[PDB]
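# A look at the structure
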Amino acid sequence: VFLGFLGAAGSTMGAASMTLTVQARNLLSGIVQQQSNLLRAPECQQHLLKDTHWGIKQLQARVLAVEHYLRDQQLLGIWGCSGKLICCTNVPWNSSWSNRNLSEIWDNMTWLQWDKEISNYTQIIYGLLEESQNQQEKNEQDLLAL
Amino acid sequence: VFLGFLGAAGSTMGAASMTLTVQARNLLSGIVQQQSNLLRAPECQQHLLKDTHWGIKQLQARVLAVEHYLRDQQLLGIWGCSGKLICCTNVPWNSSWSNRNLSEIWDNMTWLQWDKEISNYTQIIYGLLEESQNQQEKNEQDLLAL
Amino acid sequence: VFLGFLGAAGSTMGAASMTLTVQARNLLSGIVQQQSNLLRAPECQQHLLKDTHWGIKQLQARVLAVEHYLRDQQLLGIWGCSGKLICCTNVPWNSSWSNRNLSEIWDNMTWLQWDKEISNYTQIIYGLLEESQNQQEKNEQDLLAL
Amino acid sequence: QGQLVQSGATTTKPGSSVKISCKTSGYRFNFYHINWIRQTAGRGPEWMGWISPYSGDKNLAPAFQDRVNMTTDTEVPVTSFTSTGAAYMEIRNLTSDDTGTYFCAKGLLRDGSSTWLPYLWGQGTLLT
Amino acid sequence: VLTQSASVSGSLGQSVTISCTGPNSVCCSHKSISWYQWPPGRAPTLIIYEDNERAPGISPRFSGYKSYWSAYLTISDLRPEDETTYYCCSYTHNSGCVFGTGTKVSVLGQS
Ligand SMILES: *[C@@H]1O[C@H](CO)[C@@H](O[C@@H]2O[C@H](CO)[C@@H](O[C@@H]3O[C@H](CO[C@H]4O[C@H](CO[C@H]5O[C@H](CO)[C@@H](O)[C@H](O)[C@@H]5O)[C@@H](O)[C@H](O[C@H]5O[C@H](CO)[C@@H](O)[C@H](O)[C@@H]5O)[C@@H]4O)[C@@H](O)[C@H](O[C@H]4O[C@H](CO)[C@@H](O)[C@H](O)[C@@H]4O)[C@@H]3O)[C@H](O)[C@H]2NC(C)=O)[C@H](O)[C@H]1NC(C)=O
Ligand SMILES: *[C@@H]1O[C@H](CO)[C@@H](O[C@@H]2O[C@H](CO)[C@@H](O[C@@H]3O[C@H](CO[C@H]4O[C@H](CO[C@H]5O[C@H](CO)[C@@H](O)[C@H](O)[C@@H]5O)[C@@H](O)[C@H](O[C@H]5O[C@H](CO)[C@@H](O)[C@H](O)[C@@H]5O)[C@@H]4O)[C@@H](O)[C@H](O[C@H]4O[C@H](CO)[C@@H](O)[C@H](O)[C@@H]4O)[C@@H]3O)[C@H](O)[C@H]2NC(C)=O)[C@H](O)[C@H]1NC(C)=O
Ligand SMILES: *[C@@H]1O[C@H](CO)[C@@H](O[C@@H]2O[C@H](CO)[C@@H](O[C@@H]3O[C@H](CO[C@H]4O[C@H](CO[C@H]5O[C@H](CO)[C@@H](O)[C@H](O)[C@@H]5O)[C@@H](O)[C@H](O[C@H]5O[C@H](CO)[C@@H](O)[C@H](O)[C@@H]5O)[C@@H]4O)[C@@H](O)[C@H](O[C@H]4O[C@H](CO)[C@@H](O)[C@H](O)[C@@H]4O)[C@@H]3O)[C@H](O)[C@H]2NC(C)=O)[C@H](O)[C@H]1NC(C)=O
Ligand SMILES: *[C@@H]1O[C@H](CO)[C@@H](O)[C@H](O)[C@H]1NC(C)=O
Ligand SMILES: *[C@@H]1O[C@H](CO)[C@@H](O)[C@H](O)[C@H]1NC(C)=O
Ligand SMILES: *[C@@H]1O[C@H](CO)[C@@H](O)[C@H](O)[C@H]1NC(C)=O
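Scoring rules and cut-offs
- Residues numbered from 1 in each chain as written, not as in the entry; some residues may be left out.
- Chains lettered and ligands numbered in written order.
- Part of a larger assembly, values for the part shown.
- Heavy atoms only, no water.
- Helix = DSSP H or I, 4+ residues; strand = E, 2+ residues; numbered from the N terminus.
- Rg over C-alpha atoms; globule rule 2.2 N^0.38 Å.
- Pairing = 2+ DSSP bridges.
- Axes fitted to C-alpha atoms, helices over the stretch in contact; angles between N-to-C directions.
- Parallel < 35°, antiparallel > 145°, perpendicular 65-115°, else oblique.
- Left-handed = near helix turned anticlockwise from the far one by under 90°.
- Contact = heavy atoms within 4.5 Å.
- Nonpolar A, V, L, I, M, F, W, Y, C, P; charged D, E, K, R; others polar.
- Least-squares fit on C-alpha atoms.
- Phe/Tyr/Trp six-rings, centres within 6.5 Å; stacked < 30°, edge-to-face > 60°.
- Buried < 20%, exposed > 50% of the residue type's maximum accessible area, 1.4 Å probe, protein only.

Going by the header, the method for this PDB entry is X-ray crystallography, and the resolution given is 4.70 Å.

For chain E, the name recorded in the PDB entry is 35O22scFv Light Chain Variable, with Macaca mulatta as its organism. Here the PDB entry title reads "Crystal Structure of HIV-1 BG505 SOSIPv8 Trimer in Complex with CD4bs targeting antibody 21N13 and interface targeting antibody 35O22 at 4.7 Angstrom".

As named in the PDB entry, chain A is BG505SOSIPv8 gp41, taken from Human immunodeficiency virus 1.

Now the structure itself:
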């Protein structure tokens, strides 16, 4: 049985990592009903968008949502993890970020307080994540210049 | 020789499966000409978008198209099939959906009447598709908690 | 040390191919600040979008940017290279396109003058790129009809 | 596609200093190096030195290490991928054995191992 | 320093090979070998860009080959314009070109 959207937000990181598809779905099934415009097709043409800037304003909100999706898919793309929800990398874990052991992290902490504890070094980790790939780019570069 | 956009819609499922790139292209080359705004750049500035809500209305139509693309790419993403056009999964085929044999399906049926015959159980198959991955998520979970 | 956005535009093709992540980032960190709407959330509500079509006009510009991103990710998708920045294909290199050897290309030319020299045959190469996959589609087709 | 024009030839008695000018066109003058080589009449021709128009770093043969001064004029843009420049070569002490044919050349590739290797030559000049 | 092999010729149509070698300080191993066609008192031309590859626009009849001690350059399908003087060189990335002594003689078939 599945706890529902964001159900494991108070669960251990391992339990939420088991239901990450659940959190992944609310990125799409909020935006499937709005792009549908099936219940919007007939109601006063296109919900009277003439002299109603809330209609455009509403539309701009829909744009922000798909724009955020594109930000996350871009990050998964430049880290070579586009197709997968869980991917391992080559970046070693610098201990200065967090000193907690594996058992304490995955069976004693929630993703919220973890993201709060590591929000300080997120940019650095992303930099290593954008950098580390670059050594794969370079190995492919060796295969390119023969 | 290539039958053209949606050319194999009346062909056997195997023949259309050979030209799925053709149907894939009309998702992009309708929207390349509109994002181009090259023939739109000079014609009365931005096609007079002041006091013309059809211009915004037009724009909202363009938004719906890229929004639908994002729905399909999200589904390919959460099924771990982002990079490929044909991917095999772990979900076994429950016979209650269709009792037809392989030869009758791929060399006697078109994709239209197939999609019509299985539209009843599409949501269930998607649920198994979102669920089955979750066992891969769990195998990666075993590799995570060591 | 990293030359910066588009820094290796005058460098040899090999050097730019080493810093393609740098050029890849300006697709996302221009559009992260605009979708943020954090500095836009409070300034006169939504930057007064009533009786200001520049606001909508501005929004349409943001749409064109994410639309172009979707064009490139679609092309990487239909070439089976979604997850990777460097991918090798099955298409052989027809010599009529360029007669230059590998050393002269990667250690003597920049990406600009290369793209200018090959802009003539880009569509043909894309056609082979959309076609060649189709033989992979067909191998998967052999595995489908058993 | 490029061209390397060289200055007019002149004969000067030994003891004085001189200057050779090598004008470029048909490529990006800052992309390829500039080499100066002499063909000795009666012996084997010898490479003399090379200098980068962009980096400005110069490396000469030990046979002309403290006897040659090189200078590269700033390139003049022509096309999006073509510039024009001037390369200058100088000798401090002149002698009768300095007689021979001289040439200026450009680089082959921009990077790699064969970067400063002479590829495209000038018409040449004659001496005393 | 580098001593180019003695001058050898041959009638048109056959193949001719010239070698280049020197001391272990400038031997052909661990160094890059270049070959040039140099008419006397005229503008030279580059043939081989490295010991195993060619320059842009070089006919494939001009092939190269380098051993752990000496290097060679072969010219197949001889033609009238092949009568010229040739020189070799040794170079690296931070050094300079060290020219060989030279091979000048080349003959025509049936004159
Ligand atoms: C919100 O936060 C709270 C934190 O407080 C969190 O509660 C934790 O929940 C997780 C699981 O979701 C627990 O983690 C696992 O718990 C396993 C134990 O579960 C069984 O045993 C419980 C204890 O029963 C004891 O007492 C009875 C007598 O009453 C006795 O017979 C038993 O033998 C045992 O000594 C029990 O409470 C539990 O619940 C059911 O059963 C009881 C009756 O036993 C019934 O009264 C309940 O109403 C309910 O029906 C169940 O029986 C534990 O074993 C496991 O450790 C390893 O063992 C299992 C094998 O059993 C492995 O499969 C597993 O992978 C482990 O390797 C693990 O510790 C955790 O203990 C809770 N922590 C608490 C309660 O403090 C919530 O889940 C959070 N919720 C969200 C949504 O985030
Ligand atoms: C729309 O729907 C229709 C359904 O009606 C569909 O038509 C089907 O088309 C598919 C292919 O697109 C056919 O499937 C394959 O057909 C292979 C046979 O093709 C050859 O043989 C045909 C029969 O010729 C017989 O008669 C002549 C005498 O006239 C005789 O000499 C022959 O030996 C043979 O006995 C023939 O019609 C066909 O067409 C060309 O040739 C004839 C002359 O022969 C000419 O008149 C035509 O104008 C045309 O030029 C061709 O010659 C069949 O063999 C194959 O089965 C296996 O064999 C081949 C090896 O040959 C394998 O490669 C293959 O993979 C198979 O394993 C297969 O059955 C199918 O038969 C059609 N069904 C019909 C017509 O009812 C349309 O394609 C659909 N279109 C779209 C866009 O969806
Ligand atoms: C814009 O375009 C220009 C094109 O003009 C381009 O310049 C090229 O830059 C690339 C690299 O970015 C060069 O490619 C490599 O260069 C390697 C050589 O680098 C060293 O050697 C240089 C020559 O020094 C000679 O002279 C000194 C005496 O002054 C002597 O001691 C040396 O032994 C040598 O003979 C040198 O200029 C260079 O720069 C530093 O050092 C000098 C002092 O030596 C100092 O004055 C400078 O200010 C600076 O601090 C450096 O020392 C070359 O070796 C390499 O070839 C192979 O070798 C290396 C191993 O060393 C391998 O690792 C490599 O992978 C290769 O296999 C390769 O050729 C290229 O030569 C330039 N071309 C020029 C200048 O014409 C710019 O980079 C472009 N910029 C952009 C952003 O696009
Ligand atoms: C992590 O980086 C810090 C400096 O940023 C360094 O002091 C520390 O030793 C590093 N930890 C490692 C390499 O484990
Ligand atoms: C498919 O599921 C139905 C119930 O939903 C079940 O009755 C049937 O046996 C299943 N078929 C299989 C497992 O092959
Ligand atoms: C490339 O294609 C042209 C015709 O488009 C052909 O003439 C040429 O031989 C081809 N080159 C190959 C196959 O190497």
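Having seen it, we continue.
## A short note on the overall build of chain E
The helix and strand inventory of chain E stands at zero helices and eight strands. Of the regular secondary structure in chain E, the N- to C-terminal order runs β-β-β-β-β-β-β-β. Rg of the C-alpha trace for chain E: 13 Å, near the compact-globule value of 13 Å for 111 residues, within the 12% margin. Taking the principal axes of the C-alpha coordinates as reference, chain E spans close to 45 × 30 × 30 Å.

## Considerations on the sheet that holds strand β1 (residues 3-6) of chain D
Residues and elements named next belong to chain D. Taken in spatial order, the four strands make up an open sheet running β1-β2-β9-β6, and their pairing is antiparallel. Strands at the two margins of the open sheet, each flanked by one partner only, are β1 and β6 (68-72). When the angles between neighbouring strand axes are averaged without regard to direction, this sheet yields 20°. Across six bridges, the pairing between strand β2 (residues 18-25) and strand β9 (residues 86-91) is antiparallel. Residue pairing in the sheet places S21 in a bridge with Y88 of β9.

## Structural notes on the packing of helix α5 (residues 53-78) of chain A against helix α5 (residues 53-78) of chain B
Across the interface, α5 of chain A lies against α5 of chain B with an axial gap of 11 Å and an inter-helix angle of 30°. One element, α5 of chain A, and the other, α5 of chain B, form an angle in the roughly parallel class. The way α5 of chain A lies across α5 of chain B gives a crossing that is left-handed. Here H53, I56, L59, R62, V66, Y69, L70 and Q73 of chain A of α5 of chain A come into contact with α5 of chain B, specifically with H53, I56, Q60, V63, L64, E67, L70, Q73 and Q74 of chain B. Classifying every residue of the contact of α5 of chain A with α5 of chain B by side-chain character gives nine nonpolar, six polar and two charged.

## Here's the deal with the relation of the copies chain B and chain A
Rotating chain B by 120° and translating it 0.0 Å along the rotation axis places it on chain A, where the RMSD comes to 0.0 Å. Overall, the copies show the geometry of a three-fold rotation axis. Residue by residue, only 19% of the interface of chain B is reproduced at the interface of chain A, so the copies engage with different surfaces.

## Let's talk about the packing of aromatic side chains
Residue and element names in this part refer to chain A. Applying the stated criterion across every chain, the model contains 26 aromatic pairs over all chains. Pairing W106 with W111 gives two aromatic rings, centres 5.9 Å apart and planes at 75°, and the pair type is edge-to-face. Accessibility expressed as a relative area gives 16% for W106, which makes it buried. Overall, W111 belongs to the partly exposed group, its relative accessible area being 33%.

## Considering the sheet that holds strand β4 (residues 46-51) of chain D
Sheet strands line up and pair through hydrogen bonds in the backbone, either parallel or antiparallel. All names here are of chain D. Pairing within the open sheet is antiparallel, and its five strands lie in the order β5-β4-β3-β10-β11. In this open sheet, the two edge strands, each paired with only one partner strand, are β5 (58-60) and β11 (118-121). Averaged over neighbouring strand pairs, the angle between their axes works out to 30° when direction is ignored. In the sheet, β4 pairs with β5 via three bridges, with the strands oriented antiparallel. Its bridge partner being in β5, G49 is matched across the sheet by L60.

## Some thoughts on the side chain of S82 of chain C
Inspection of the secondary structure puts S82 of chain C in the loop between α5 (53-78) and α6 (102-106). The exposure class of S82 of chain C is buried, given its relative accessible area of 16%. If we ignore the near neighbours within four places in the chain, the residues touching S82 of chain C are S82 of chain A, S82 and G83 of chain B together with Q73, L76 and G77 of chain C.

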